[PDB]
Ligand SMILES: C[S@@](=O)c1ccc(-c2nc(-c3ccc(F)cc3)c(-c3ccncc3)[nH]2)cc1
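One chain follows as structure tokens, the form deposited without the ligand.
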């Protein structure tokens, strides 16, 4: 904690960095985060990647093949997008030192809050105008990721960030059970970008309700909570998007439940808003509304501009996973820091 801040201050000083480390934010295996300020007063989160105690002994991240590759992929993904709705790299710098003393520094803008905090603050009014605006930006961030072949896979209010200016940014796309699409709950290996559309629909209903929509605690009771709202899916559709183990879990599951009226599930949502939520929360991803069709839905009529579908997009993300050599990866970090500057 107090050592992480002291280590970072000294290292950034030796570097003549434009930063001032103000306070300690968080610490875990693989890196420590400190809240600092850039040379212009803008608050930043400074992540320092150095060591870990993996398998019992102290390992240098950038020196071990697997861990180095994991961090290189997180970095390459952050550096791939340049879009207002996707959290980007503010800065990146690498300190290579021969006897496994390699350090990596990651700088991102420190956001004011996240959507989970906003939803749960009873003193905050989340109006239908605020919901439409937030949802428009959430879906544009997903559209941008999906256009580059990237699936978030763990979208939830905690990773939907709000700037002081209330700008929406999605993070943690480069790495609760309550936001998982039926195909992820059923451990289907063939999941697609449509899992994100399910999470987004859960987030949308939650902003109206001020409470998560499907608050299950087990594989069966989570699926039951979903089916109670969406109605019993055809068994043929369940077998198509479940793992063999999940099919066997659901083997003797008797289900003959009608869909509920959506007005009862999300009482404060108007009919146009409900129509979109019901389309995002299709149990079967083959019938689930795509990001483009959700963005074109009359719910966003007052905000929508077709230019939002194509501006600031990135090309398809490619990561060559055949890479294994740490020295080959170190060159990619140097190349990633080069293309950055």
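Here the rigid core means the biggest group of C-alpha atoms that line up within 1.5 Å when the two forms are laid on top of each other. Residue numbers count along the first chain shown, from 1.
Asker: According to the entry, how many residues of the deposited sequence fall between residue 100 and residue 101 and are not modelled? Options: none, 1 to 3, 4 to 9, 10 or more.
Answerer: According to the record, the chain runs unbroken from residue 100 to residue 101.
Asker: Could you check the entry and say whether 286-294 or 268-276 has the higher mean CA B-factor?
Answerer: It is 268-276.
Asker: Name the higher of the two by mean Cα B-factor in the PDB entry, 29-37 versus 308-316.
Answerer: On average, C-alpha B-factors are higher across 29-37.
Asker: Considering every modelled residue of the chain and its Cα B-factor in the PDB entry, is residue 262 in the lowest, middle or highest third?
Answerer: Ranked within chain, residue 262 CA B lands in the middle tercile.
Asker: Please place residue 154 in the lowest, middle or highest third of its chain according to the CA B-factor in the PDB entry.
Answerer: For residue 154, the deposited C-alpha B-factor lands in the lowest third.
Asker: Is residue 199 in the lowest, middle or highest third of its chain when residues are ranked by C-alpha B-factor?
Answerer: It belongs to the lowest third of the chain when residues are ordered by C-alpha B-factor.
Asker: Which third, lowest, middle or highest, does the C-alpha temperature factor of residue 133 belong to within its own chain?
Answerer: Lowest third, going by the recorded CA B-factors of the chain.
Asker: Hey, what third does residue 193 fall into on Cα B-factor, ranked over its chain?
Answerer: Lowest third.
The form solved in complex with the ligand is left out here; the points below concern that form.
Asker: Tell me which stretch of 106-114, 142-150, 193-201, 254-262 has a heavy atom within 4.5 angstroms of the ligand in the bound PDB entry.
Answerer: Of the options, only 106-114 has residues within 4.5 Å of the partner.
Asker: Can you pick out, from 156, 80, 83, 180, the residue that has a heavy atom within 4.5 Å of the ligand in the bound PDB entry?
Answerer: Of the candidates 156, 80, 83, 180, 156 is the one lying within 4.5 Å of the ligand in the bound PDB entry.
Asker: State the residue from 213, 119, 229, 171 whose non-hydrogen atoms include one within 4.5 Å of the ligand in the bound PDB entry.
Answerer: Of the candidates 213, 119, 229, 171, 171 is the one lying within 4.5 Å of the ligand in the bound PDB entry.
Asker: Indicate whether the candidate residues 30, 45 and 161 are all in contact with the ligand in the bound PDB entry, with contact defined as any heavy atom within 4.5 Å.
Answerer: Checking in the bound PDB entry: 30, 45 and 161 are all within 4.5 Å of the ligand.
Asker: Would you classify residue 186 as touching the ligand in the bound PDB entry, given a 4.5 Å non-hydrogen atom cut-off?
Answerer: Looking in the bound PDB entry, residue contacts with the ligand do not include residue 186, since no heavy atom lies within 4.5 Å.
Asker: I'd like to know whether residue 131 contacts the ligand in the bound PDB entry, with contact meaning heavy atoms within 4.5 angstroms.
Answerer: Taking the distances in the bound PDB entry, the answer for residue 131 is no, it never comes within 4.5 Å of the ligand.
Asker: Tell me, yes or no, whether residue 167 is in contact with the ligand in the bound PDB entry, where a contact means a heavy atom of each within 4.5 Å.
Answerer: No, residue 167 stays farther than 4.5 Å from the ligand in the bound PDB entry.
Asker: Using 4.5 Å between non-hydrogen atoms, is residue 74 touching the ligand in the bound PDB entry?
Answerer: Residue 74: yes, in contact with the ligand in the bound PDB entry.
Asker: Select from 303, 42, 309, 272 the only position whose Cα moves 2 Å or more between this form and the one not shown when the core is aligned.
Answerer: So the only displaced C-alpha belongs to 42.
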